[PDB]
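Peer 1: Partial complex here, more coming in a sec:
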Amino acid sequence: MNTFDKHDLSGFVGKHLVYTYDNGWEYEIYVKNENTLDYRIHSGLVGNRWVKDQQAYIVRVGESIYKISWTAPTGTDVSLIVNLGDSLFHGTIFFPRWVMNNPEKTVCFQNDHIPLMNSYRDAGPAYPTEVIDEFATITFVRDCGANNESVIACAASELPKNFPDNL
């Protein structure tokens, strides 16, 4: 039994991780503050999609295990587990049916296209929802502090060939 403050996120805010799911898709997150993340998708169903300033519900569920959940303007729901102590990652993504049908529709810098994402969402089909539930391998972790706009500032296609070895 571990005693810890489950409302203290100081062990998680600032974390910058790159990870590959067991379905082969490579993702990247940056925990920007107590209720915000930036993220960047490198490959897979929606490779090259990226997002800044996503509002999220971030909590501590173990001594060194954190959870982060959000809803996207596309209608997608996401809930991730980052177990830093054991270097284990697990993600659940609830995709609307229209995303599964034509995932390229979501591939953009979302911040410049929120009305588009909302329009696609509202047109549907929303259902049936597709649940993607996968462990991932964490391949990179560092601390970039809070509210750092330099961490995720371009699409993955614009990053150096050796990313993140350059870091």
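Peer 2: Perfect, thanks for sending it. Numbers count the residues shown, from 1 in each chain, chains lettered A, B, ... in the order given.
Peer 1: Please, where are all the helices along chain A?
Peer 2: Listed in chain order, the helices of chain A (DSSP state H) span residues A:97-101, A:114-123.
Peer 1: And stretch A:6-21, what's buried?
Peer 2: Residues of stretch A:6-21 classed as buried: A:9, A:11-21 (neighbour count, 16 or more other C-beta atoms under 10 Å). No exception for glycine: its C-beta is placed from N, CA and C like everyone else's.
Peer 1: Have a look at chain A and report its longest strand.
Peer 2: With secondary structure taken from DSSP state E, chain A has its longest strand at strand A:130-143.
Peer 1: what about residue A:80, how many residues close to it?
Peer 2: Applying other C-beta atoms under 10 Å, we find 23 other residues in the vicinity of residue A:80.
Peer 1: now swap in the one 10 residues further on and tell me
Peer 2: Neighbour count of residue A:90, defined by other C-beta under 10 Å: 16.
Peer 1: and the gap between the residue nearest to it when sequence neighbours are not counted and residue A:138?
Peer 2: Distances taken as C-beta to C-beta, 6 or more residues apart in numbering put residue A:81 closest to residue A:90, at 4.5 Å, once the chain neighbours are dropped. Using C-beta to C-beta, to the nearest Å, one gets 11 Å for the distance from residue A:81 to residue A:138.
Peer 1: residues shared between the contacts of the two?
Peer 2: Here residue A:81 and residue A:138 share the contacting residues A:88-89, scored by C-beta atoms under 8 Å, 6 or more residues apart in numbering.
Peer 1: residues in contact with residue A:56?
Peer 2: The neighbours of residue A:56, taking C-beta under 8 Å, 6+ apart as the test, are A:35-37, A:68-70.
Peer 1: ok, what's across the strand from the nearest residue to it once chain neighbours are set aside?
Peer 2: With C-beta to C-beta, 6+ apart as the measure, residue A:70 is the residue that lies nearest to residue A:56, at 4.1 Å, once sequence neighbours are left out. For residue A:70, the beta-bridge partners are residue A:78 (DSSP bridges).
Peer 1: next one: residue A:141
Peer 2: With beta bridges defined as DSSP bridges, residue A:141 has these partners: residue A:17.
Peer 1: That one and residue A:12 touch, don't they?
Peer 2: No: Residue A:141 sits out of contact with residue A:12 when judged by C-beta atoms under 8 Å, with a separation of 11.1 Å.
Peer 1: add one more, call it chain B:
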Amino acid sequence: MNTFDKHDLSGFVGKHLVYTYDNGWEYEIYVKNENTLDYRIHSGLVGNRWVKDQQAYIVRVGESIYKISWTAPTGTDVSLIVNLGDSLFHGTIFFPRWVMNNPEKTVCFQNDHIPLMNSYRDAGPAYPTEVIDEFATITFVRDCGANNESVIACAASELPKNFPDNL
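Peer 2: Placed with the earlier chains, chain B looks like this:
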């Protein structure tokens, strides 16, 4: 490798828990097998709603911590963390707008009304999605074995007055 097998669910399958979220809503789950749960809602937004044989995605994310996620015929998405080692529980529920507007429409034994739930889901409005994200206090835990159909078999309103002391 991890100090535990993340694909081994033997420590979670069969568990029966009752818990109360920090907003006072009381819930109950029974992990029936590796991909199925029954659950029963006692109070809150959708008090007295209950469900059997919900297909779920169940994983181990720490030595004594498990995660269970699913999508409902109503359109709702759920992702729960059960930290047995530290006796910590955290839930995220993504409700469709129509459920927030008329939650009583979902209050039933869902298994008797799946087409109805689908019809409400498809009529919507699906959006905006409302997120309930709360820790809970675990008040009861026991082991009931797998595929035990006696664990959850009535609405909470029909339970004995001293539940779960009778168990």
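Peer 1: now with chain B: the neighbour count of residue A:80?
Peer 2: By the other C-beta atoms under 10 Å in any protein chain shown criterion, the neighbourhood of residue A:80 contains 24 residues.
Peer 1: was I right about it contacting residue A:65?
Peer 2: No: look at residue A:80 against residue A:65 with C-beta under 8 Å: they stay out of range, at 11.1 Å.
Peer 1: Could I have the CA atoms of the longest strand of chain A written out in CSV?
Peer 2: Written as CSV, here are the backbone C-alpha positions of strand A:130-143 (Å, rounded to 0.1, in the frame of the first residue of the first chain):
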residue,chain,number,x,y,z
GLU,A,130,-15.1,1.8,-32.6
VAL,A,131,-13.1,1.1,-29.4
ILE,A,132,-9.3,0.9,-29.8
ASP,A,133,-7.7,-0.4,-26.7
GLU,A,134,-4.0,-1.0,-26.7
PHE,A,135,-0.9,-1.1,-24.6
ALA,A,136,2.0,1.0,-25.8
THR,A,137,5.8,1.0,-25.5
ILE,A,138,7.2,4.3,-24.2
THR,A,139,10.3,5.0,-26.3
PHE,A,140,11.1,8.5,-25.0
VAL,A,141,10.4,10.6,-21.9
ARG,A,142,11.6,14.0,-20.7
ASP,A,143,10.4,17.0,-18.6
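Peer 1: Show me how far that strand is from its chain's centre.
Peer 2: 9 Å (C-alpha atoms, centre = their mean, to the nearest Å).
Peer 1: Ok, stretch A:41-54 next?
Peer 2: Using C-alpha atoms, centre = their mean, the offset of stretch A:41-54 from its chain centre is 8 Å.
Peer 1: Chain B contacts on chain A?
Peer 2: The interface of chain A toward chain B, taken as C-beta under 8 Å from any C-beta of the partner chain, is made up of A:1-2, A:4, A:6, A:57, A:59, A:61-63, A:65, A:67, A:69, A:71, A:75, A:77, A:79, A:81, A:83, A:85-88, A:90, A:92, A:94, A:121-122, A:124, A:126-129, A:131, A:133, A:135.
Peer 1: One more pass at 6 Å, please.
Peer 2: Within chain A, the positions adjacent to chain B are A:1-2, A:57, A:59, A:61-62, A:65, A:69, A:71, A:77, A:79, A:81, A:83, A:86, A:90, A:92, A:94, A:126, A:129, A:131, A:133 by C-beta under 6 Å from any C-beta of the partner chain.
Peer 1: residue at max distance from the center of chain A?
Peer 2: Most distant residue from the mean C-alpha position of chain A: residue A:1, 29.6 Å away (C-alpha atoms, centre = their mean).
Peer 1: Understood, closing this out.
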